[PDB]
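Let me begin by presenting the structure, written as structure tokens, before commenting on it.
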Amino acid sequence: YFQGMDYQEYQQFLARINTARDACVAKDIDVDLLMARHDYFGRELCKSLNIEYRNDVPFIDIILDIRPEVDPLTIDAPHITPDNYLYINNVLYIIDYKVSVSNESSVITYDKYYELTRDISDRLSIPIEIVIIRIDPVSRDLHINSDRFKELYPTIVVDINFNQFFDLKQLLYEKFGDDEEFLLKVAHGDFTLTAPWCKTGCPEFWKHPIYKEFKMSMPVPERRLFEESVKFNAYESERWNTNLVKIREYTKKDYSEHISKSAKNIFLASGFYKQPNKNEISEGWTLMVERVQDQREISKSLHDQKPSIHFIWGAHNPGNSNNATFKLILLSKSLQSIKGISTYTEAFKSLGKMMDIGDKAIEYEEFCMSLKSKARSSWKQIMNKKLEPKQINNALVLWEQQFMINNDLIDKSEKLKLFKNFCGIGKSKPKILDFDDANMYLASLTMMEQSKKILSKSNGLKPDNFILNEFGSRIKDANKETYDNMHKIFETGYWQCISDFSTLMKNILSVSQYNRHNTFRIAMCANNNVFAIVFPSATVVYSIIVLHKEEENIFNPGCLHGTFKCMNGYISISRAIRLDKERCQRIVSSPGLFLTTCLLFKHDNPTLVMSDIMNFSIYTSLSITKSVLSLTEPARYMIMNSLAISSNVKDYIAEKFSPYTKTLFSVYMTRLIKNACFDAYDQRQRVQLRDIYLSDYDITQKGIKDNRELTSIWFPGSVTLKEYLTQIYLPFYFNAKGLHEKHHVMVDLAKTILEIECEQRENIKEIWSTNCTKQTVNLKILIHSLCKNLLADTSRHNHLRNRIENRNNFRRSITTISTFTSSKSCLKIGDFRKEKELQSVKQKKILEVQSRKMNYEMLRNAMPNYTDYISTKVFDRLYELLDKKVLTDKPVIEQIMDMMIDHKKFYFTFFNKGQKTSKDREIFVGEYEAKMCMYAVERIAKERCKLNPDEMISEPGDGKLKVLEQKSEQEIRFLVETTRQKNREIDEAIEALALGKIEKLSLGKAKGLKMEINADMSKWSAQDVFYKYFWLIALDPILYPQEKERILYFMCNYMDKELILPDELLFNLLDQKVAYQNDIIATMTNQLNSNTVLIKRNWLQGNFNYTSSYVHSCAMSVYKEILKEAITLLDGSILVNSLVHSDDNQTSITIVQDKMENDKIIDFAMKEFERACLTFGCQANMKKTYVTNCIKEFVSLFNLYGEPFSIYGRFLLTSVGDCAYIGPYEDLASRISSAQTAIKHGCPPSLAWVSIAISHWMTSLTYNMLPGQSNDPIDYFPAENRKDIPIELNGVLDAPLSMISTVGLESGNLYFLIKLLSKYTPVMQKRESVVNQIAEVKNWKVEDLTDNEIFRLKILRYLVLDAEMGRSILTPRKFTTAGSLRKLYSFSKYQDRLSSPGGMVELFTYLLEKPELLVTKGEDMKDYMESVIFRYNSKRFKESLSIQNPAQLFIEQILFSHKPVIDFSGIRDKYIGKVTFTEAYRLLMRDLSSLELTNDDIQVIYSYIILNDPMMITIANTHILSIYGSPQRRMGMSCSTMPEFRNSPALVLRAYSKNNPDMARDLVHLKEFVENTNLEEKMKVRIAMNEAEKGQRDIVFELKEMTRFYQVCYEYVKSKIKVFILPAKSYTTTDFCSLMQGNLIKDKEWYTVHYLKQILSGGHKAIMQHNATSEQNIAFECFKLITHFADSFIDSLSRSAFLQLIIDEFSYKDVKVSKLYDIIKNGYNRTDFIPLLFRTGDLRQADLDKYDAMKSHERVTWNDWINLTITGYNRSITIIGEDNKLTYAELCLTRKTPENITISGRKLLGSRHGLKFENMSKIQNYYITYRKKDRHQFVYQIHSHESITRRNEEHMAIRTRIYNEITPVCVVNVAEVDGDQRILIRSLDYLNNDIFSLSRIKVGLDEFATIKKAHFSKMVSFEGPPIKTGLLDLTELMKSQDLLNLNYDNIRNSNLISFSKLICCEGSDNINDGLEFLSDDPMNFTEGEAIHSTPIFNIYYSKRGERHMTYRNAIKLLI
RNA sequence: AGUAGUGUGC
RNA sequence: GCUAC
RNA sequence: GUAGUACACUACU
Ligand SMILES: [Mg+2]
Ligand SMILES: [Zn+2]
């Protein structure tokens, strides 16, 4: 599937770039490239419009075609020309094609054409409606201004890529990037700046102390250059770049000497780079053990271990009942009957007696049911009615399973002992286990063996559950082996153990919510032997109790307290486990993690044992402590740094790896990591490159081979490199969030900040250096590299300031920016005494009351220098600053420039992210003015970084994966081209001779080397020299001097910023009672005198990422120049690519040379990478930096050898819990979005379905909707199973996986409607498009539908149509209180506006008189303030402002499941107290039968969710029209950006509100699509009805009606870069949908998909012309296939008989080939099928003519020895002269314009010519010239005399490029004539007497006429009578799939089963006589040649073979 | 007891 | 925290 | 100031 070009022209463009040297020649190449892009869009657009593609016809020809009756001279015409014309229903349309991204050239051509044709038109009286059609190439959408043109073509389906023009322009600007005659000519205009952002600067910057320090640090001339550069105004100078050129030429000497010295270091390097090996890992391990022993308390006792899993387990007893009361009685009689005397035994007997109800069970059940009936009858909680414990028998029963701790049944000593020593109620180095010990590893191993012994037995249960019963069909359809592995998981005791711990922990969390201080509760699970006592206590204290018959038959992961002997067997109690509800939340969701981990480690690997995988994964998925976190995150660095070529894994293991082994699984996993480090050294050389298939267009096969030679890490077996990287990188995503205590991480973060600040105060003094001193910057090199990079990026794009002002909204108001109006944290530096002491006395008073039922003034006294701070939200702080008139509604950049002076102190505080690493990171909360100023600086740096092709800003949404792939593929192509070019003579000599000479001849070949530096930077923001950014701001030409001066004054005040210590950190450190010894906190704060520390050199994390990105890419450009000069010293080639993302780096180096060894080059390149980072004040973290040959690794994205790769398991594991617990639909939608992101990153289909199954399971677990539970909707609706219920009513998702990954939870409704169309549309239009099936809904009989279908249509008609803001229906309504909502200023204004005398009605009428800011916000200050007051009435917003843990949200959605939480009033009023779920079900099914379903209801169902979205139309057309092709393996994967299927909401809703379209055509067409629906009047009928039944006019009802109206209009209107990983590169949109359906149907292989009709429709308006274009495309595919099939596979003597036999009785894609051939013969592009029309005999002069009219070739004559005739299309020259002197020269053209004369002179004087024009002549008017070019090169083109003088002047600029005149020769007489026809219709039949080929005929001497090619996979869609030819059926050859290959080897080595399809003899006598009806042309045989590189690989390419390699010979060898 | 910790907490 | 007196 | 502070699982085991 090639894009849009061919061999003939794409190779010519690639050649014409790769030889030129002149800037005029390069500009001509660029203008020809833009012209070819224009011509390509013109051809495809005219093909789409089904009009004739004209060739820039003049107005004379247009009028003489539309009035072919008048005199051709009288009525006038201008001398300009259109692109094409169109005259229909007596209106002439004039058409122009633009491929611009700007709209300005379109309107310039509009008012350039309009007035000249209005001069014409009111003479002949014809409406000339001129049309411009502007395609945007980077985002393909059409801009047709002529709205009188769109009613003929309301949708246009042009689906072409402009990428192969972009890469051509890319390599063109790559080649002449350093040129300067090129750039100023290819400039879009002159360099312009906009208005200043401020009038005045800051004179106080020049006397600021930080500037004084910066200035005194530099030498004197750099002080002069800095001062001279700040005061430089680019707008006031004659050249904008005179400053940058001046400073560059100043520092050039030191720059050149530095690059030359560092490049001369290529010879000083002996190649002993830091390899990893066994000694380095062993010595680093020994240093690690010494460091960890001297930092930890290393214990050798075994019983110092901590619980590896906080749970013990034993299997169930099938002899007992699984009844709740019976299990309660059994737990009581088992706890009381304990034999023996241990410590806590009498306490356990007393607790067994406290839950003893004896024989009184019915009383218990009745009492508890009465209480639950009273609790469930209210939405709110039951208030002011106390719970009395009822003495049932011997238990004081408070609720169901909540018993009172009776002091009469326990004695006080045992009670104290149990609550104190066992439960911990009222109780110096960190102790870890000795991982390095022998007996401790033996004990850990024995634990793993015992757990594998007990848990791998069978359950005895049935293996089915929700996952299996609802999704196992789809899972088994994608992969049977995943279904079998999942069945094997479900059979074992692993799954039952983790399911019991999930169910039991959910019950523990449900039960401990309302547990009291004197009650204990019992939690039960489905296992009738596993129990839990939840102790009185927010955290959870529980203890597992296991009943078991035989002793030692318990799963004990280090958690057991003791086993005891009871009645009927043994009883085991675990220790008390105290957990917070977050880790319990992760335990609840752990079966999803276990199943995902097991099936993902197991996936497609028959060498792994499943019980080993389960034994590892039950401990990693149930790990909720830091002990495994200390192993999973360092394991990446240890195993990858010991796998790599070069790293410092000794320094990482010695200095950074610190295992923290408190459990025994930590010890076992530590030994796994150690043995994998050793083994990873042992297996670097088992990584093999896959063979690379090329075509000179694309790389088809690529990557690493899939050999299982690698040693598996976490469990025994063998493994692939992809599976090895999975086992390395996946366990970091096993870690939990929120495991950190704030208590310790605030101290750790503050210590890190203050230690770096202290060391910088007392040790770091030098700012600039020259010897790579740490935390210094080389000054000359910084300045020179910045001047070079600013000159390149600024002279490339002149309007950069305008781009920065538009894209970042600098000219608009601050209320229109999402960054300044968010809900993030801000900071207020004021005097907040009163509010803090109010909340302090309230929490103390509260504390005292809770201790009755059984400080900030301290800090303000004990700290004098305390600044006072508070943390509001961002939107509230903007509201406060607008209400206090600090900020206004001016343009935001003027306010930022004012704030850069007005705000002089910056305060930053911090808090913990709570991430899943070992040491937590921190985010720095700034105050609001810091956010404004850093917004200005960072948006300037951001939009300068996006100019760079290798700075990863523009595509943050995983386009970095696509960029990595592009870089890797061009480095593969570079390595192949360079090694085959340099070593061509030596390989010719090797093949010549070829034994002994060949190897020593090979010894002197050019060796290829490919290197990838996967670098991290050490302390990126902390140890950074901030003074280099002063040179970045000062050298920037786009800034006025006042703007530079204010931004640098902000920089200087920012180096005086202060870090506020948070108040809880100080409350920690003041209440310590012992002085911490070497206290860095008390030193830096002067013994806690203050809470602020002046942080200076550390700019904080996340504040200057783009500025640092820009200087980091400058450092990498210096590195690139060093490497290029060093490899030119060796006279080799080099390609250096470097990707930069702030603190990450990926530099890839490809070198082909022959002088020295590769190890010395690796040593040089790594030493110079370190030095290039150090010269700009960076330092590459050499402990975390590694070097490979194959693997790239950018920000968690891989690239193996050109094949992209990602750990998709992180998105599978995130999908287990990621939800805010809003409702079932919203939770399910969030989880499925995570599964979609997994699919984009290369997840196989079966694991994606396992993820969707787990998502449905976890969402139904949250709301008690599992089958059989109380909210199971299955018996409350008319449905067979859960697939037949809509997702809004809590059913499961039934859809194809490609449909889920494209839309997701709109796939259920869409697939239901596609099933309805497949069931109910009439039988003739079954295989028709979706628009042709939706229109025939009118012929449905709705009476005899299925009642399930009527129910599902009525839900969608009445509830999904008129909904609010995929949408839900049954959301539970949480009763939350007033939240905090008192720190806010805006809520306070809402409160004293609510209780105001008539103020709220003023707000409501202000909203209603300007209603657009109900679904947007406002431009103005005032309306932003009014709308942010109005958003408090939304209870969703009020509760979203509250801080909230999601674990409590989970527990509350569990517990409020039987309570009436569904507001059925809002459900009922959409189609006409609170309600439970089941009553919502009953009432909805009752009220829905009250409504009626008509045909017009179904019409507006299909018009709302299919026909009004082009995405839904194309997805439905993919599912209807699919044809699945042939299976094949996924050998080369590739990245494809998801296309936009639609070919500001503030602007269009303000436009529709105030009726002003303000960009001019989008708004009026979109308000047409708004006004056309006309369903508005029912709203105001409801308004009048409410005014009737309430008398007075209502306003709140009018606001609710208007909000519903604008939201259901916003859904019609709806006002991202998504990269996928597909088995091939898609280019079009149909290619993407084909690859998406083929990828997502099996794990083992992908299918090719092609479609019947055009799947890209535009809507229900253009039907007939859509069918016309679809049939035209089918005709095109049919005859491309037939012509190439017949001249590729059939005998040359018999093809036209074959062709006529195909044309008569055959049909391609259900359309007869006769009809398709009539379509081609009658269309306007017959020239595309000239050999077809010739072989059938339907070819006319016009066709052929129109062929050389629109397409061409240069023709020379006359090599006699004196007159030359160079003819082209309407272009011919005649040149008359001797060897010395030329007499005259006559050009001949079609039009005489000075552009076309030079174009024709360029093209006609570049073919094979005689001589070099070697004389001159004085000259006065067009002439032929030549410039000289070094080593016998010249350029031959016609200039004007004036242009000869001008270009001689411009190349006589005082420069270094050596001057070459264009010395001119002979006069050119420019005439004009009609060009003759070069291809007569009768001039072919002699020329093709021996050309027997249906797809290629001769038209010239050496010009052919071809038909394009089409893939043979589409040959299965033919249909017809078997063509018996002797013994073969060629119809079966068309339907074959193994024999249609074009390779000779794949048919020669093919099978007899594949050939037995063809045989149909009926009486022959020889195979040789029957095989005569086949091809005799030589086929293509793939030949692979090894590439001389250190990652050694083979390339394979097609060849023409020899004369014997035919098709008949392959069939005969097969036979 | 559990969790966190070469910062005294829960 | 919340609810009632 | 006093009193109150309300609920899920219930399973093939
Ligand atoms: Mg990295
Ligand atoms: Zn036969």
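All residue names refer to the structure tokens as shown: chains lettered A, B, ... in order, residues numbered from 1 in each chain, ligands numbered from 1 in order.
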
Quick one: residues within 10 Å of ligand 1, with only C-alpha atoms (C1' of nucleotides) and all ligand atoms, as a list in words? residues 1013, 1014, 1015, 1016, 1017, 1140, 1141, 1143, 1144, 1145, 1146, 1147, 1181, 1184, 1185, 1186, 1192, 1193, 1194, 1195, 1196 and 1197 of chain A

May I ask you to extract the residues of chain C within 8 Å of chain A, using only C-alpha atoms (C1' of nucleotides), and to give them as JSON, numbers by chain? {"C": [2, 3, 4]}

When you draw a straight line from CA of residue 1189 in chain A to CA of residue 1109 in chain A, how long is it in Å? 25.5 Å

Please return, as an NGL selection string, all residues of range 831-978 of chain A that DSSP assigns to alpha helix (DSSP H) on the basis of the backbone. :A and (833-852 or 856-861 or 874-883 or 892-902 or 928-945 or 960-978)

All residues having an atom within 10 Å of ligand 2 (only C-alpha atoms (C1' of nucleotides) and all ligand atoms) as a VMD selection string: chain A and resid 1926 to 1927 1959 to 1966

Where does chain A meet chain B within 6 Å, residue by residue, with the nearest atom pair and distance in Å to one decimal for each, counting only C-alpha atoms (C1' of nucleotides), listed by chain and rising number, as a tab-separated table?
```
residue	atom	partner	partner_atom	distance
A:295	CA	B:6	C1'	5.0
A:422	CA	B:1	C1'	4.9
A:423	CA	B:1	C1'	5.4
A:424	CA	B:1	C1'	5.6
A:429	CA	B:6	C1'	5.2
A:576	CA	B:1	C1'	5.3
A:577	CA	B:2	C1'	4.5
A:578	CA	B:2	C1'	4.4
A:1072	CA	B:8	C1'	5.2
```

Mind dumping the selected residues with N, CA and C atoms as an mmCIF file, in the first residue's frame?
```
data_model
loop_
_atom_site.group_PDB
_atom_site.id
_atom_site.type_symbol
_atom_site.label_atom_id
_atom_site.label_comp_id
_atom_site.auth_asym_id
_atom_site.auth_seq_id
_atom_site.Cartn_x
_atom_site.Cartn_y
_atom_site.Cartn_z
ATOM 1 N N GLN A 295 24.196 0.421 57.378
ATOM 2 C CA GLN A 295 23.021 1.277 57.410
ATOM 3 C C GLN A 295 21.774 0.612 57.960
ATOM 4 N N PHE A 422 -1.234 -8.292 71.818
ATOM 5 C CA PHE A 422 -1.595 -8.961 70.577
ATOM 6 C C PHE A 422 -2.133 -7.988 69.537
ATOM 7 N N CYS A 423 -3.045 -7.102 69.922
ATOM 8 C CA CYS A 423 -3.617 -6.155 68.975
ATOM 9 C C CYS A 423 -2.892 -4.819 68.927
ATOM 10 N N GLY A 424 -2.023 -4.518 69.883
ATOM 11 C CA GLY A 424 -1.302 -3.260 69.847
ATOM 12 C C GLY A 424 -2.126 -2.028 70.134
ATOM 13 N N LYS A 429 18.115 1.526 64.217
ATOM 14 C CA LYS A 429 18.237 1.326 62.783
ATOM 15 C C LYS A 429 17.175 0.338 62.308
ATOM 16 N N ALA A 576 -2.237 -10.178 64.586
ATOM 17 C CA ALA A 576 -3.074 -9.037 64.270
ATOM 18 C C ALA A 576 -2.384 -8.209 63.203
ATOM 19 N N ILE A 577 -3.103 -7.885 62.137
ATOM 20 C CA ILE A 577 -2.568 -7.074 61.054
ATOM 21 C C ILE A 577 -3.269 -5.733 61.088
ATOM 22 N N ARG A 578 -2.506 -4.659 61.213
ATOM 23 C CA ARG A 578 -3.053 -3.313 61.175
ATOM 24 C C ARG A 578 -2.711 -2.695 59.828
ATOM 25 N N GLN A 1072 9.977 16.364 68.958
ATOM 26 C CA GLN A 1072 10.848 15.203 68.844
ATOM 27 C C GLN A 1072 11.440 14.709 70.156
#
```

Provide as a PyMOL selection string the residues of chain A at most 6 Å from chain D, counting only C-alpha atoms (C1' of nucleotides). chain A and resi 316+324+375+381-382+384+386+507+510+526-527+1454-1455

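Within range 788-946 of chain A, DSSP run on the backbone puts these residues in strand (DSSP E or B): residues 825, 828, 829, 830, 865, 868, 869, 870, 873, 907, 908, 909, 910, 911, 912, 922, 923, 924, 925 and 926 of chain A.
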